[PDB]
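Here's the letter readout for the chains.
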Amino acid sequence: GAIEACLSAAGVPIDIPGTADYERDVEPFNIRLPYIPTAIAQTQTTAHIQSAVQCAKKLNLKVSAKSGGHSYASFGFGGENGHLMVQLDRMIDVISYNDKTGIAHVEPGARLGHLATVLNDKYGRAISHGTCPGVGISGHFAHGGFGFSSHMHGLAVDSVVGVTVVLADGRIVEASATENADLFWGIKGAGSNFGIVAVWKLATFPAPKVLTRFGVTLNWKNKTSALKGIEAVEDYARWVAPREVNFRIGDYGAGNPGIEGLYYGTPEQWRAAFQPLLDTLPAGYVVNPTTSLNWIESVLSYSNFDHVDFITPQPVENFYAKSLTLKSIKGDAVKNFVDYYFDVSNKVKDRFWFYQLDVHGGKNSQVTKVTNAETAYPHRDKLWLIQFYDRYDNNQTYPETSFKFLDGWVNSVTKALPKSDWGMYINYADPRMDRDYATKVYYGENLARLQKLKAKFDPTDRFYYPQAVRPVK
Ligand SMILES: *Cc1cc2c(nc3c(=O)[nH]c(=O)nc-3n2C[C@H](O)[C@H](O)[C@H](O)COP(=O)(O)OP(=O)(O)OC[C@H]2O[C@@H](n3cnc4c(N)ncnc43)[C@H](O)[C@@H]2O)c(*)c1C
Ligand SMILES: *[C@@H]1O[C@H](CO)[C@@H](O[C@@H]2O[C@H](CO)[C@@H](O)[C@H](O)[C@H]2NC(C)=O)[C@H](O)[C@H]1NC(C)=O
Ligand SMILES: [K+]
Ligand SMILES: [Zn+2]
Ligand SMILES: [Zn+2]
Ligand SMILES: [Zn+2]
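Residues numbered from 1 in each chain as written, not as in the entry; some residues may be left out. Chains lettered and ligands numbered in written order. Heavy atoms only, no water.

- Its PDB record attributes the structure to X-ray crystallography, giving the resolution as 2.40 Å.

1. What to know about the site of ligand 2
Next, step 1: As a matter of local geometry, ligand 2 sits amid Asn222, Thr224 and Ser225.
Next, step 2: With respect to ligand 2, the side chain of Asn222 contributes an N or O atom lying 2.4 Å from an oxygen atom.
Next, step 3: Starting from 560 Å² of accessible surface for ligand 2 in isolation, the protein chains cover 26%. (Near = heavy atom within 4 Å. Polar contact = N/O pair within 3.5 Å; in protein donor to acceptor, adjacent residues only side chain to side chain. Areas by Shrake-Rupley, 256 points an atom, 1.4 Å probe, with all protein chains shown as cover.)

2. Overview of the site of ligand 1
Next, step 1: Not every one of the 33 residues close to ligand 1 is listed here, only the nearest: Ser67, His70, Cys132, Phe146 and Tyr425.
Next, step 2: Between ligand 1 and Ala65, the relevant distance is 2.8 Å, taken from an oxygen atom to a main-chain nitrogen or oxygen of the residue.
Next, step 3: In this structure, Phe146 approaches ligand 1 through a main-chain N or O atom, which is 2.7 Å from a nitrogen atom.
Next, step 4: Alone, ligand 1 offers 970 Å² of accessible surface; in the complex the protein occludes 94% of this.
Next, step 5: Listing elements by their share of the shell around ligand 1, those giving two or more residues are β2 (63–66), α5 (137–143) and β9 (196–203).
Next, step 6: Here the element with the most residues in the shell around ligand 1 is α5; it accounts for 4 residues.
Next, step 7: Split by residue class, the shell around ligand 1 holds 13 nonpolar, 19 polar and 1 charged. (Helix = DSSP H or I, 4+ residues; strand = E, 2+ residues; numbered from the N terminus. Nonpolar A, V, L, I, M, F, W, Y, C, P; charged D, E, K, R; others polar.)

3. Quick notes on the side chain of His140
Next, step 1: Tracing the backbone through its elements, the reader meets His140 in helix α5.
Next, step 2: By relative accessible area, which is 10% here, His140 ends up buried.
Next, step 3: Here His140 is in contact with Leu112, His129, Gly130, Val135, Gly145, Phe146, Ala156 and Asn427, once residues within four sequence places are set aside. (Buried < 20%, exposed > 50% of the residue type's maximum accessible area, 1.4 Å probe, protein only. Contact = heavy atoms within 4.5 Å.)

4. Notes on the nonpolar core
Next, step 1: One finds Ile259, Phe274, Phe337 and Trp384 to be the most contacted residues of the largest nonpolar core, which totals 114 residues.
Next, step 2: If you tally residues by element for this core, the top one is helix α11 (residues 332–343), at 7 residues.
Next, step 3: Each of two domains, domain 1 (1–209 + 439–473) and domain 2 (210–438), supplies a minimum of three residues to this core.
Next, step 4: With sequence-adjacent residues up to four places away left out, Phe274 is seen in contact with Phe214, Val216, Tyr236, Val245, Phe247 and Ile259.
Next, step 5: Formed by 23 residues, the second largest nonpolar core is a distinct cluster that contains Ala52, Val63, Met91 and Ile196. (Core = buried A, V, L, I, M, F, W, Y, C linked by side-chain atoms within 4.5 Å. Domains from an automatic or database assignment.)

5. A word on empty space enclosed by the protein
Next, step 1: If you walk through the whole model with that rule in mind, you get 3 cavities of 30 Å³ or more.
Next, step 2: The space that makes up the largest cavity amounts to roughly 150 Å³.
Next, step 3: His129, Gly130, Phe148, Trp295 and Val299 are, among the 13 residues lining the largest cavity, the residues nearest its centre.
Next, step 4: Broken down by element, the residue count for the lining of the largest cavity peaks at 3 residues, all from helix α10 (residues 295–301).
Next, step 5: Looking at side-chain class alone, the lining of the largest cavity contains 6 nonpolar, 7 polar and no charged residues.
Next, step 6: Of the domains in this structure, domain 1 (1–209 + 439–473) and domain 2 (210–438) are the two that each give at least three residues to the lining of the largest cavity.
Next, step 7: Of the volumes computed, that of the second largest cavity is approximately 120 Å³.
Next, step 8: Lining of the second largest cavity is provided by 15 residues; of these, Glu27, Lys66, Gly68, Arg111 and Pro313 occupy positions nearest its centre.
Next, step 9: Broken down by class, the residue content of the lining of the second largest cavity amounts to 4 nonpolar, 5 polar and 6 charged.
Next, step 10: Residues from two domains meet in the lining of the second largest cavity; each of domain 1 (1–209 + 439–473) and domain 2 (210–438) gives at least three. (1 Å grid on protein atoms, 1.4 Å probe; cavity = no way out; pocket = protein on both sides within 12 Å on 5 of 7 lines; lining within 4 Å. Points joined across faces, edges and corners; volume = space filled by probe spheres on them.)

6. Let's talk about the domain arrangement of the protein
Put simply, an interface is often sized by how much accessible area is lost when its parts join up.
Next, step 1: As far as domains go, the protein holds domain 1 (1–209 + 439–473) and domain 2 (210–438).
Next, step 2: Between the C-alpha centres of domain 1 and domain 2 the distance comes to 26 Å.
Next, step 3: Across the boundary between the two partners, domain 1 contributes 72 residues, which contact 77 residues of domain 2.
Next, step 4: On the domain 1 side of the interface with domain 2, the three residues burying the most area are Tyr72, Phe148 and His151, jointly 16% of the side's total.
Next, step 5: The interface formed by domain 1 and domain 2 holds 3 salt bridges in total.
Next, step 6: With its nearest N and O atoms 2.7 Å apart, the salt bridge here joins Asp436 to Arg470. (Buried area = accessible area lost by both parts, 1.4 Å probe. Salt bridge = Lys/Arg side-chain N within 4 Å of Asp/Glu carboxyl O.)

7. A short note on the environment of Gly147
Next, step 1: Mapped onto the elements, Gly147 comes out in the loop between α5 and α6 (150–153).
Next, step 2: Overall, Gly147 belongs to the buried group, its relative accessible area being 7%.
Next, step 3: It is 17 Å that separates the C-alpha atoms of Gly147 and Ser71, two residues lying 76 residues apart in sequence.
Next, step 4: If we skip the residues at most four places from it in the chain, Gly147 touches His129 and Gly130.

8. Points about the packing of aromatic side chains
Next, step 1: Counted according to the given criterion, the structure contains 40 aromatic pairs.
Next, step 2: Look at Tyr72 and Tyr389: their rings are 5.8 Å apart centre to centre, the planes differ by 85 degrees, and that puts the pair in the edge-to-face class. In this pair, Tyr72 sits in the loop between β2 and β3 (84–87) while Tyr389 sits in strand β18 (residues 384–392), placing the two residues 317 residues apart along the sequence.
Next, step 3: Its relative accessible area of 11% is what places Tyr72 among the buried residues.
Next, step 4: We classify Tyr389 as buried; its relative accessible area is 5%.
Next, step 5: When the ring of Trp353 is compared with that of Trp409, the centres are 5.5 Å apart and the planes differ by 75 degrees; the resulting orientation is edge-to-face. Of this pair, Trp353 sits in strand β17 (residues 352–359) while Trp409 is found in helix α12 (residues 403–414), placing the two residues 56 residues apart along the sequence.
Next, step 6: Overall, the relative accessible area of 0% leaves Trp409 in the buried class. (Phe/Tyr/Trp six-rings, centres within 6.5 Å; stacked < 30°, edge-to-face > 60°.)

9. Some words on the coordination of the zinc ion (ligand 5)
Next, step 1: Those donors, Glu231 (OE) and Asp235 (OD), are the protein atoms that reach the zinc ion (ligand 5), and they lie 2.0 to 2.1 Å from it. Of this pair, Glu231 and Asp235 are both found in helix α8 (residues 223–240), 4 residues apart, which corresponds to roughly one turn of the helix.
Next, step 2: In this structure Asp235 comes out as partly exposed when scored by relative accessible area, which is 24%. (Donors = N, O, S within 2.8 Å, 3.2 Å for Na, K, Ca; no water.)

10. As for the sheet that holds β3
Next, step 1: Strand order in the open sheet made by the 3 strands is β1-β3-β2, with parallel pairing throughout. The outermost strands of the open sheet, each flanked by one partner alone, are β1 (39–42) and β2. Neighbour-to-neighbour, the strand axes of the sheet open up by a mean angle of 25 degrees, direction not taken into account.
Next, step 2: As judged from the 4 bridges shared by β1 and β3, these two strands associate in the parallel manner. Counted as the bridge partner of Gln42 is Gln87 from β3.
Next, step 3: Relative to the sheet, helix α1 (residues 2–9) contacts β1 and β3, its axis offset from that of β1 by approximately 15 degrees.
Next, step 4: The strands touched by helix α3 (residues 46–58) within the sheet are β1, β2 and β3, with β3 carrying the most contacts at an inclination of about 175 degrees. (Pairing = 2+ DSSP bridges. Axes fitted to C-alpha atoms, helices over the stretch in contact; angles between N-to-C directions.)

Rendered as structure tokens:
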């Protein structure tokens with residue numbers, strides 16, 4: 001067909017329907033949302049990426065990059081059938097490392113586990129990114145990237161010092177603080193909007209030698225306990241929590257909430273740093289035993305797998321997810337949250353679900369040392385990052401009536417807050433919002449600048465997906 005012929009003439013490898021490569025590359029991480037691209041360009045070089053974009057232009061197609069394919073909305077496909085899909089996951093190398101500056105150049109199909117493995121094993125270096133080893137560098141870094149080092153060292157995006165980008169017109173350009181700084185600003189938080197990143201240029205830190213994983217089983221058996229407890233954790237997060245502590249409250253057992261965390265220091269140093277919160281928690285919590293880790297052991301520890309060096313996709317899932325970023329959860333917000341928690345959520349027994357309340361902001365959070373004005377990322381004024389997750393078996397159909405579960409929980413918080421108090425996080429992409437509403441909540445106070453930037457770098461909407469920023473001049 002026209003697109004196949006076009007790709008072939010340009011020397012761009014293409015997946016053939018019916019082959020193993022096609023079957024692998026076309027599989028969404030969220031099998032709730034499969035999409036059928038018109039063709040899959042399995043790129044090996046920056047030139048292939050540029051050729052693919054060129055082919056999209058001449059055949060008037062929409063083009064979408066897929067890196068680790070972890071988009072909760074399958075946006076790597078385009079969020080709909082019929083795009084040219086630029087499949088990036090064979091481009092996995094740390095192109096170069098500079099031992100004078102600590103800057104690594106990295107290909108856009110490297111997964112977080114593979115990246116961490118190469119930087120640590122080969123160079124003794126580390127970056128602050130997410131926990132899941134199969135996640136793509138590109139989708140992740142482009143929109144933020146939060147994990148168990150973000151309090152200490154900031155977002156994955158905060159490591160970005162430069163990018164090589166393929167634009168909607170197929171030109172290759174460099175972006176950094178001193179070259180195309182407007183484009184650089186957009187890539188660092190809304191990067192799916194402005195081109196396909198071909199090379200990430202990343203600042204690293206020495207791989208930590210002394211880390212302690214900690215956990216506390218909270219044992220909140222009623223509404224009172226959970227209200228008092230979430231309050232105690234916010235206060236600590238807002239005012240006390242030292243730089244070295246990274247943690248969240250999570251519940252993976254429909255009523256068995258815990259704190260899990262990573263501390264930059266010894267077990268004794270953690271205990272002293274956390275003790276003020278321990279003194280305010282409702283009585284009946286149990287401090288679980290600590291685990292002493294080095295950098296690469298910690299990556300493995302929070303993995304949920306027996307290895308981390310992933311160069312292929314991780315097992316697919318079948319789910320819906322939502323998110324919230326909040327200034328505070330105090331007042332009616334936490335009251336409504338806890339009611340719903342016990343009256344509704346804890347009686348949902350037919351599938352696996354979770355929430356995570358991430359300590360994202362607060363006084364000593366590195367995330368918060370960058371303003372909303374400095375990069376595309378719009379949540380620098382938010383203490384909490386919240387994930388809600390609703391997962392069925394792969395052989396089951398996600399039922400239409402099941403959406404209202406996470407919808408209800410999110411509403412219970414939002415109805416209690418002014419609109420300026422909360423947003424949503426595009427790395428926990430929720431496709432059940434129209435283009436205008438979603439970009440309002442994903443990008444906050446930065447949306448007006450993003451729209452103007454979009455009208456400069458993608459006026460035709462070549463990179464269209466249902467939740468892309470609108471080009472507005
Ligand atoms: C599946 C999964 C996701 C997780 C997990 N844990 C996370 C955590 O510890 N911290 C977080 O902050 N987020 C976590 N997430 C969510 C993921 O971070 C997001 O789902 C990321 O967006 C995933 O990125 P990726 O795997 O690369 O997703 P894609 O579906 O390929 O792309 C998403 C988005 O990005 C665009 N895009 C891809 N590639 C490029 C390039 N090269 N240039 C520009 N834009 C690109 C896509 O088109 C799409 O729009 C844990 C788990 C298990
Ligand atoms: C919620 O649960 C907690 C403990 O799980 C309750 O506190 C316990 O119950 C009574 C009343 O305070 C005390 O005699 C116990 O010793 C408490 N146990 C612990 C471990 O502290 C609390 O009362 C409950 N709140 C309610 C039911 O409203
Ligand atoms: K198609
Ligand atoms: Zn590897
Ligand atoms: Zn308080
Ligand atoms: Zn293994």
